[PDB]
Every structure is written in structure tokens, then in C-alpha cells.
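Asker: Pasting a structure here, questions to come.
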Amino acid sequence: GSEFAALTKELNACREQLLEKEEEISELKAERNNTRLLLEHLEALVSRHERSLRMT
Amino acid sequence: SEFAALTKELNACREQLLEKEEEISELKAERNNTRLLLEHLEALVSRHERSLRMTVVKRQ
Amino acid sequence: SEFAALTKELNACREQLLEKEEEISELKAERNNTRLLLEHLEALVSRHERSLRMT
Amino acid sequence: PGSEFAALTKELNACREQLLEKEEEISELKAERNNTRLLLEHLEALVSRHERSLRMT
């Protein structure tokens, strides 16, 4: 019975670290979306101006 | 068989733990590739802006 | 008749000279608008690059 | 007559010299303009290629 408790304390500890890892993942995927959005604006800005210089 | 069921869940949780830290590793590596691009983009833009900034002073 | 020919070419030379000055003015205007974009591109890129630094 | 024609010729010649000078500055501006366009071509290619890569990993 005392071993079941110790085994539970380890699983719970592993569950805590799992969420800590996923919180790290979630923030990384968030940073990626910020990049994707930046790259969208950059591509739009350069293409718009490239066409202007090319077609005048 | 609660002990057995607990050990299996504990095992599966540790598998997902390695699984999640590998994704962190891949995202961090992917993040570094982004930084290298941004470094390069800032370089090309600043270098060209520099050429324009000097041309106005030179051609004057 | 030679004077008349010389004056016409002189007038035409000034007419084309005005066109070039107008072209230069447009080119320098377009150039300045280009620098504005570049400064904006550098600003956006440098900012997001600062967000993606390690610790 | 000969003095008048010569002086008018000098004026036309002066206009011609300034015309080619203006054309030289134009050709330089247009060259710089081509440099910028090429940069934007590489920038566009880079950001789009990287955008497509982030939409997979």
C-alpha cells in the first residue's frame, strides 16, 4: 500500500512536467505564428514594391 | 491489478515526456533557422539602404 | 535658313532637357519612397529578430 | 552674322553637353533602381520559401 502511494507521487510528478513541456511547446508554436504573420507582411510589401519598380 | 495499470500509465507518460521534449527540440531548431533568415534579411536590407544613403551624399 | 534650323534644334534640345529633369525628379522621388520601405522592412525584421533570442 | 551664328551654336552645344549629363545621372538612377528590384526579388523568394517551410514542420 505504501508503494502504491510512492508510485502515484511519481506519476503525478511526471504529469506536472508533461504540462510544463506542453506549455513550452504551445509558446513555441505561438512564436511560429508570429513569424508566419511577419513573413506574410514582408512578402506582400516586397512584391508590391518589386512590381512597382519593375512596371513603371 | 491497479499496480499493473499504474505502472503502464507511468510508462506511457514517460514515453510522452520524451515525445514532447523531442518536439521542443525540433521547434527550437526550426526557430533557429528563422533567426538565421532574419539576420540575413536585416543584413541585405541594411546593406542596400546603406548604399542608397551614401549615394545621396555622393551624387550630390 | 541656317539660323532657323539652329533655333529649332536649340528649342528641341531644351524641350528634351526639360523631360530629363522631370524624369530625374520622378526617379529620385521613387528612390526616396524605396528607402522608406527599406527602413520599414529593417524595422520589422530587426524587431522580430530581437524577440527570437535565447537565454 | 558670323558672330551671331557662332554664339547660337555655342548655346546649342552647351545644351547638348548638359543633356548627356542629365542622361548620365538618369542611367545611374535607373541602375540603382535595378539593384533594388533584384534585392526585392531575393527577399520575396527568401520569405516565401521560408513561409512554405514553416507550413510543414
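Residues in the C-alpha cells are named by chain (A, B, ... in the order shown) and by number from 1 within that chain; ligands are numbered from 1 in the order shown.
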Taking only C-alpha atoms into account, find every residue of chain A that has an atom no more than 9 Å from chain C, and write it out as a ChimeraX atom specification.
Answerer: /A:31,34-35,38,42,45-46,49,53
Asker: Please identify every residue of chain A that has at least one atom no farther than 6 Å from an atom of chain D, counting only C-alpha atoms, and for each give the shortest atom pair and the distance in Å to one decimal, arranged by chain then increasing number, as CSV.
Answerer:
residue,atom,partner,partner_atom,distance
A:39,CA,D:47,CA,5.7
A:43,CA,D:44,CA,5.4
A:46,CA,D:40,CA,5.6
A:50,CA,D:37,CA,5.6
Asker: So that each row is one residue of chain D with an atom at most 10 Å from chain C, can you give its shortest atom pair and the distance in Å to one decimal, using only C-alpha atoms, rows by chain and rising number, as JSON lines?
Answerer:
{"residue": "D:1", "atom": "CA", "partner": "C:3", "partner_atom": "CA", "distance": 9.5}
{"residue": "D:4", "atom": "CA", "partner": "C:3", "partner_atom": "CA", "distance": 9.0}
{"residue": "D:5", "atom": "CA", "partner": "C:3", "partner_atom": "CA", "distance": 6.7}
{"residue": "D:8", "atom": "CA", "partner": "C:6", "partner_atom": "CA", "distance": 7.5}
{"residue": "D:9", "atom": "CA", "partner": "C:6", "partner_atom": "CA", "distance": 7.2}
{"residue": "D:11", "atom": "CA", "partner": "C:10", "partner_atom": "CA", "distance": 7.7}
{"residue": "D:12", "atom": "CA", "partner": "C:10", "partner_atom": "CA", "distance": 5.2}
{"residue": "D:13", "atom": "CA", "partner": "C:10", "partner_atom": "CA", "distance": 8.7}
{"residue": "D:14", "atom": "CA", "partner": "C:10", "partner_atom": "CA", "distance": 9.8}
{"residue": "D:15", "atom": "CA", "partner": "C:13", "partner_atom": "CA", "distance": 6.4}
{"residue": "D:16", "atom": "CA", "partner": "C:13", "partner_atom": "CA", "distance": 6.8}
{"residue": "D:18", "atom": "CA", "partner": "C:17", "partner_atom": "CA", "distance": 7.9}
{"residue": "D:19", "atom": "CA", "partner": "C:17", "partner_atom": "CA", "distance": 5.6}
{"residue": "D:20", "atom": "CA", "partner": "C:17", "partner_atom": "CA", "distance": 9.1}
{"residue": "D:21", "atom": "CA", "partner": "C:20", "partner_atom": "CA", "distance": 9.9}
{"residue": "D:22", "atom": "CA", "partner": "C:20", "partner_atom": "CA", "distance": 6.3}
{"residue": "D:23", "atom": "CA", "partner": "C:20", "partner_atom": "CA", "distance": 7.0}
{"residue": "D:25", "atom": "CA", "partner": "C:24", "partner_atom": "CA", "distance": 7.6}
{"residue": "D:26", "atom": "CA", "partner": "C:24", "partner_atom": "CA", "distance": 6.0}
{"residue": "D:27", "atom": "CA", "partner": "C:24", "partner_atom": "CA", "distance": 9.7}
{"residue": "D:29", "atom": "CA", "partner": "C:27", "partner_atom": "CA", "distance": 6.6}
{"residue": "D:30", "atom": "CA", "partner": "C:27", "partner_atom": "CA", "distance": 7.6}
{"residue": "D:32", "atom": "CA", "partner": "C:31", "partner_atom": "CA", "distance": 8.7}
{"residue": "D:33", "atom": "CA", "partner": "C:31", "partner_atom": "CA", "distance": 7.3}
{"residue": "D:36", "atom": "CA", "partner": "C:34", "partner_atom": "CA", "distance": 8.2}
{"residue": "D:37", "atom": "CA", "partner": "C:34", "partner_atom": "CA", "distance": 9.9}
{"residue": "D:40", "atom": "CA", "partner": "C:38", "partner_atom": "CA", "distance": 9.8}
Asker: Hey, list the chain B side of the contact with chain C: 8 Å cut-off, only C-alpha atoms, answer as a PyMOL selection string.
Answerer: chain B and resi 31+35+38-39+41-42+45-46+49+52
Asker: Hey, could you make a per-residue contact list for chain B against chain D with 9 Å as the cut-off, showing the nearest pair of atoms and its distance in Å to one decimal, counting only C-alpha atoms, sorted by chain and number, as JSON lines?
Answerer:
{"residue": "B:26", "atom": "CA", "partner": "D:57", "partner_atom": "CA", "distance": 8.4}
{"residue": "B:27", "atom": "CA", "partner": "D:57", "partner_atom": "CA", "distance": 8.2}
{"residue": "B:30", "atom": "CA", "partner": "D:57", "partner_atom": "CA", "distance": 8.0}
{"residue": "B:34", "atom": "CA", "partner": "D:50", "partner_atom": "CA", "distance": 7.9}
{"residue": "B:37", "atom": "CA", "partner": "D:46", "partner_atom": "CA", "distance": 8.0}
{"residue": "B:41", "atom": "CA", "partner": "D:43", "partner_atom": "CA", "distance": 7.1}
{"residue": "B:44", "atom": "CA", "partner": "D:39", "partner_atom": "CA", "distance": 7.6}
{"residue": "B:45", "atom": "CA", "partner": "D:39", "partner_atom": "CA", "distance": 8.0}
{"residue": "B:48", "atom": "CA", "partner": "D:36", "partner_atom": "CA", "distance": 7.5}
{"residue": "B:52", "atom": "CA", "partner": "D:32", "partner_atom": "CA", "distance": 8.2}
{"residue": "B:59", "atom": "CA", "partner": "D:25", "partner_atom": "CA", "distance": 8.6}
Asker: Would you export the selected residues with C-alpha atoms as a compact mmCIF listing (two decimals), in the first residue's frame, please?
Answerer:
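Result file follows (out01.txt):
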# COMPACT_ATOMS: atom_id res chain seq x y z
CA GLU B 26 12.56 20.34 -33.34
CA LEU B 27 10.73 23.63 -32.77
CA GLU B 30 13.26 25.36 -36.51
CA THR B 34 14.15 31.52 -38.62
CA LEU B 37 16.92 34.17 -42.02
CA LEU B 41 17.21 39.72 -44.23
CA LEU B 44 20.60 42.54 -47.11
CA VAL B 45 18.17 45.38 -46.37
CA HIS B 48 21.27 48.14 -49.57
CA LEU B 52 21.27 54.40 -51.03
CA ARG B 59 25.83 62.03 -56.16
Asker: I'd like to know which of A:25, A:55, A:14, A:6 is closest to residue 15 (chain B), using only C-alpha atoms.
Answerer: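 Of all the options, A:14 lies closest to residue 15 (chain B).
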Asker: Please report as an MDAnalysis selection string which residues of chain B come no farther than 6 Å from chain A, using only C-alpha atoms.
Answerer: chainID B and resid 10 17 24
Asker: Can those selected residues be exported to a file as a CSV table (one decimal), in the first residue's frame so that it contains C-alpha atoms?
Answerer:
chain,number,residue,atom,x,y,z
B,10,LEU,CA,3.5,5.8,-15.6
B,17,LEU,CA,7.5,13.1,-22.0
B,24,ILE,CA,10.6,21.1,-28.3
Asker: By how many Å are CA of residue 19 (chain B) and CA of residue 3 (chain B) apart?
Answerer: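 Separation of CA of residue 19 (chain B) and CA of residue 3 (chain B): 24.1 Å.
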Asker: Record the distance separating CA of residue 47 (chain B) and CA of residue 29 (chain B), expressed in Å with one decimal.
Answerer: 27.1 Å
Asker: Interatomic distance between CA of residue 40 (chain B) and CA of residue 31 (chain D)?
Answerer: 23.5 Å
